[PDB]
Amino acid sequence: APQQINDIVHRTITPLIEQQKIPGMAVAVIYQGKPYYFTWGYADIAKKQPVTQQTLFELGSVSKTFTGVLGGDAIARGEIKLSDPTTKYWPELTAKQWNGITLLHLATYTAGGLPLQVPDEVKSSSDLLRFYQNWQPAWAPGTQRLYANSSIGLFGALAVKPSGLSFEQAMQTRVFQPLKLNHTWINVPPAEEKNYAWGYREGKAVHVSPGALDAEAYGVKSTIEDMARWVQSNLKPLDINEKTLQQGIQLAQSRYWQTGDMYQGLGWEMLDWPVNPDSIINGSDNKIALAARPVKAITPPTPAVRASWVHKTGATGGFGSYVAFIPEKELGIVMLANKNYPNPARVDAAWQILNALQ
Ligand SMILES: *C(=O)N1C[C@H](NOS(=O)(=O)O)CC[C@H]1C(=O)NOCCN
Ligand SMILES: [Cl-]
Ligand SMILES: [Zn+2]
Ligand SMILES: [Zn+2]
């Protein structure tokens, strides 16, 4: 890699790892469209297995960027419209509070207070219907953004219904395969488990547990190489030969709502570039990112703006992830770690690196 990249990555990430006690980490810096890879530490501490460019990490909520793009691809196929009512795809959702809640609301956390998590006791399709049938909104739809796995998770499950495919099959056929993300998995196959890093929480090795709508909201695992290719695909959608997927990538970066200086896409979130670094750093703290905030609609949604900072945080019990990129600059970063450490530390490090290379 260019010396300037090696230098800034060492001076930023090695101290981050020292400060946060991260056991293993992989970073890709995309500079002028090309990825440069860096690894540190161990995927499995007790086995002394190093992190490599083939190590699988839990992406956590970064999974929502795949869900948003798959939803965009369905829009581009004419299979769904964001203005469609939820009940078009789930007519058994007969409770009156669902009148007026659209796929857009589900995708963008604006349905009126769907909760952060689907309850752990939801184990069957019957449980899931009961959950949504009994949920009572705190706000009218399209007025407040409250980040929620139960919201975008339902969006992903319903967006694939017209295809007749399961969510996993749709994602594999329509997103992973065309983009050659051949080491990205909703369910890690047995032959690939050797590459699956352990997450570390309070010193103990952990993997994410199964849960309702997990694939849609937080369940994807991937390598640093596939995640760099995911960033390249979102930086340069016109390089994608499949027109519906090219368009789905673009639609996931459209701006549907604004609150403060942030814009909500499908999975992705965006700010105008140049960005105020303190806004992205401070805004990533869970106390802020997860709070209910009023939104203003953008109608029509702003088509993807090249001069944007586009990003997403993610975590599981044992992992912490961050992806950010700037289309106009062909510049991006992926940071995958097997410890969940605070979002602001991730974003600060990412901005120090990308700011140094702009
Ligand atoms: C995503 O990783 N999520 C949802 C929510 N996202 O906040 S973020 O990581 O800062 O963007 C916080 C919790 C977290 C999870 O739900 N992770 O999955 C673990 C099992 N629920
Ligand atoms: Cl140094
Ligand atoms: Zn040093
Ligand atoms: Zn392989």
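Start at 1 with the first residue, then count along the sequence. Note that these values count all heavy atoms, side chains included, but never hydrogens, waters or copies made by symmetry.
With hydrogens and angles ignored, the 3.5 Å screen pairs a side-chain donor or acceptor of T259 with a backbone N or O of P294. With hydrogens and angles ignored, the 3.5 Å screen pairs a side-chain donor or acceptor of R346 with a backbone N or O of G314. Formation of a donor-acceptor pair under 3.5 Å by the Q97 side chain with backbone atoms of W135 is found in this model. In this structure, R174 contributes its side chain and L245 its backbone to no donor-acceptor pair below 3.5 Å. Between the side chain of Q49 and the backbone N or O of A43, no donor-acceptor pair lies under 3.5 Å. Proximity of a side-chain donor or acceptor of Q133 to a complementary backbone N or O of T94 within less than 3.5 Å is detected. Using modelled atom types, no side-chain atom of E168 and backbone atom of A170 make a donor-acceptor pair closer than 3.5 Å. No donor-acceptor pair under 3.5 Å is formed between the side chain of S151 and the backbone N or O of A148. The main-chain N or O of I224 is never found under 3.5 Å from a side-chain atom of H183 such that the two would form a donor-acceptor pair. With hydrogens and angles ignored, the 3.5 Å screen pairs no side-chain donor or acceptor of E225 with any backbone N or O of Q54.
The two atoms that bring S63 and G219 nearest to each other are OG-N, 3.3 Å, heavy atoms only. Closest non-hydrogen pair, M270 versus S254, comes out as CE-O, 3.3 Å. Contact record, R145 with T108: CG-O, 4.1 Å, taken as the closest heavy-atom pair. Closest non-hydrogen pair, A337 versus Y341, comes out as CB-CE2, 3.7 Å. For the pair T87 and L93, the tightest heavy-atom approach, listed with the atom from each and the gap, is CG2-O, 3.2 Å. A349 and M335 make their closest contact through CB-CE, 3.9 Å (heavy atoms, listed as atom of the first residue, atom of the second, distance).
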Check your understanding: For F38 and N6, what are the C-alpha separation, side-chain angles and deciding distance, and is it a side-chain contact (heavy atoms from CB on, under 4.5 Å)?
Key -> CA-CA 9 Å; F38 299 86; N6 284 343; 3.3 Å; yes
Practice item. Just do the side-chain contact (heavy atoms from CB on, under 4.5 Å) check on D226 and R229 with the steps written out, would you? Key: CA-CA 5 Å; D226 276 13; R229 188 165 183 95; 5.5 Å; no
Exercise for review: Could you walk me through whether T223 and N195 pass side-chain contact (heavy atoms from CB on, under 4.5 Å), step by step?
Suggested key: CA-CA 9 Å; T223 68; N195 313 125; over 6 Å; no
Practice item. Begin with the C-alpha distance, continue with both residues' side-chain angles, and end with the deciding distance and a verdict on side-chain contact (heavy atoms from CB on, under 4.5 Å) for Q264 and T110. Key: CA-CA 10 Å; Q264 184 61 54; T110 53; over 6 Å; no
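Here the straight-line distance linking atom OG1 of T184 with atom NZ of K221 works out to 11.5 Å at 0.5 Å rounding. One finds the OG1 atom of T65 at 6.5 Å from the CG atom of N234 (value rounded to the nearest 0.5 Å). Atom CH2 of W139 is separated from atom CG of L146 by 5.0 Å, given to the nearest 0.5 angstrom. Atoms CD1 and NE2, from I8 and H10 in turn, are 10.5 Å apart once rounded to the nearest 0.5 Å. Separation of atoms CD (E242) and CG (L179) is listed at 7.0 Å; rounding is to 0.5 Å. Rounded to the nearest 0.5 Å, atoms OG1 (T12) and CG (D7) are 10.0 Å apart.
Using a 3.5 Å distance cut-off with no hydrogens or angles, the side chains of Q53 and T39 do not pair a donor with an acceptor. A donor-acceptor contact closer than 3.5 angstrom links the side chains of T316 and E58.
Using a 30° and 60° split on the angle between ring planes, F57 and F319 fall in the perpendicular class, above 60°. Note: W98 and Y132 have perpendicular aromatic rings, judged against thresholds of 30 and 60 degrees for the angle between ring planes. Aromatic ring pairs are classed by plane angle as parallel below 30°, tilted from 30° to 60° and perpendicular above 60°; the pair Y196 and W198 is parallel.
Using a 4.5 Å cut-off on side-chain heavy atoms (C-beta onward), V220 and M171 make no contact. Counting heavy atoms from C-beta outward, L336 and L59 have side chains that approach closer than 4.5 Å. Side-chain atoms of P162 and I80, non-hydrogen and from C-beta on, do get closer than 4.5 Å to each other. No side-chain heavy atom of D214 sits under 4.5 Å from any side-chain heavy atom of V208. Between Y256 and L82 the shortest side-chain heavy-atom distance falls below 4.5 Å. Counting heavy atoms from C-beta outward, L114 and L106 have side chains that approach closer than 4.5 Å. Under the 4.5 Å side-chain criterion, counting only non-hydrogen atoms from C-beta, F131 is in contact with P115. Looking at heavy atoms from C-beta onward, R255 lies out of side-chain contact with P301 at the 4.5 angstrom threshold.
A distance of 6.0 Å or more separates the ring centres of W257 and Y109. Checked against a 6.0 Å centroid threshold, the rings of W268 and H311 do not count as neighbours.
By the side chain to side chain donor-acceptor pair (under 3.5 Å) test, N276 pairs with no residue at all, sequence neighbours left out.
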